[PDB]
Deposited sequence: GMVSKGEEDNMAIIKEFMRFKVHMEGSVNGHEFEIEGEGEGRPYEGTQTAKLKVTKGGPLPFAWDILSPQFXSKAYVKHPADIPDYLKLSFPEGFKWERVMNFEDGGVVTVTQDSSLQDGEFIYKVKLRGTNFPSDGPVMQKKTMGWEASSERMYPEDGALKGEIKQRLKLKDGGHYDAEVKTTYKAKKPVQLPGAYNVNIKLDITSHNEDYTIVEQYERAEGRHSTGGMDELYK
């Protein structure tokens, strides 16, 4: 009964984007085996953010991914010890975001500690000018390699005028204790901003993710 059908989490993010440092604190809950989750994030320091919230939204949880019975949920079995992941997002216009994360279980709830660095975003770009409006539904290709789980995503941000803005994302997931690596498979992800106040200092997110074979 380590990973229950209902689980809350707390997340803390320390970040810097084009030199603007900030902290975010959040609380969330979801049903990990149904692949659904919600959270409410608050910019606790350095607000209001002068950049698009959308570059931060995917850094706030792959334990909440619905799996079929024949795919080993590598990240669920890593608990109670947990796992870490490291991510690089490369944007089409030169913007770069690097993320490291620690995931542990304390008092029956997940604790997420996130560190993010974003650089080289053009001053007139959609990220810095806050011209994005959400991620298109994406597909993460997950595969084992070098004793770790890895994921590749080609993600597209919708823009307010009606265009798109592309990023290439690679993530490495590693359990603290060695657990069974799964075969290669895909993860369909839909990430929605369900609500936000005017200056995006309080944001609510909802995510549905499910794994399937190639």
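**Q** So, counting the deposited sequence from position 1, which segments are absent from the coordinates?
**A** Gaps in the modelled chain, taken against the deposited sequence, lie at 1 to 11, 72, 227 to 235.
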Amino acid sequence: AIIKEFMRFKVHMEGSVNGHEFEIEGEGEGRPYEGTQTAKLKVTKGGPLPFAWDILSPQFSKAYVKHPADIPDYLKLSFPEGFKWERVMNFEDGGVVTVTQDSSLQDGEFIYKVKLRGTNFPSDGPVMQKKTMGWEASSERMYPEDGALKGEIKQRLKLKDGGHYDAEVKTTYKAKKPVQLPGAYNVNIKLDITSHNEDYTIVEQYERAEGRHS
From here on, numbers count along this sequence of modelled residues.
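**Q** In the PDB record, does 176 to 184 or 46 to 54 carry the higher mean Cα temperature factor?
**A** The stretch with the larger mean CA B-factor is 176 to 184.
**Q** Taking the mean of the C-alpha B-factors per stretch from the entry, tell me the winner out of 23 to 31 and 66 to 74.
**A** On average, C-alpha B-factors are higher across 66 to 74.
**Q** Name the residue from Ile189, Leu41, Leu149, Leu157 with the greatest C-alpha temperature factor listed in the entry.
**A** Result of the comparison over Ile189, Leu41, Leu149, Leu157: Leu149.
**Q** Could you say which of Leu105, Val127, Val114, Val96 has its CA atom at the highest B factor, as listed in the PDB entry?
**A** Within the set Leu105, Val127, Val114, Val96, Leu105 shows the top C-alpha B-factor.
**Q** Using only modelled residues of the chain, where does the Cα B factor of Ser123 rank: lowest third, middle third or highest third?
**A** It belongs to the highest third of the chain when residues are ordered by C-alpha B-factor.
**Q** Looking at the temperature factor on the CA atom of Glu204, which third of the chain's modelled residues does it land in?
**A** It falls in the bottom third of the chain.
**Q** C-alpha B factor of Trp85, ranked within the chain: lowest, middle or highest third?
**A** As the PDB entry reports it, the C-alpha B-factor of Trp85 lands in the middle third of its chain.
**Q** Thinking about Cα B factors across the chain, which third does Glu109 belong to?
**A** Tercile = highest for this residue's CA B-factor.
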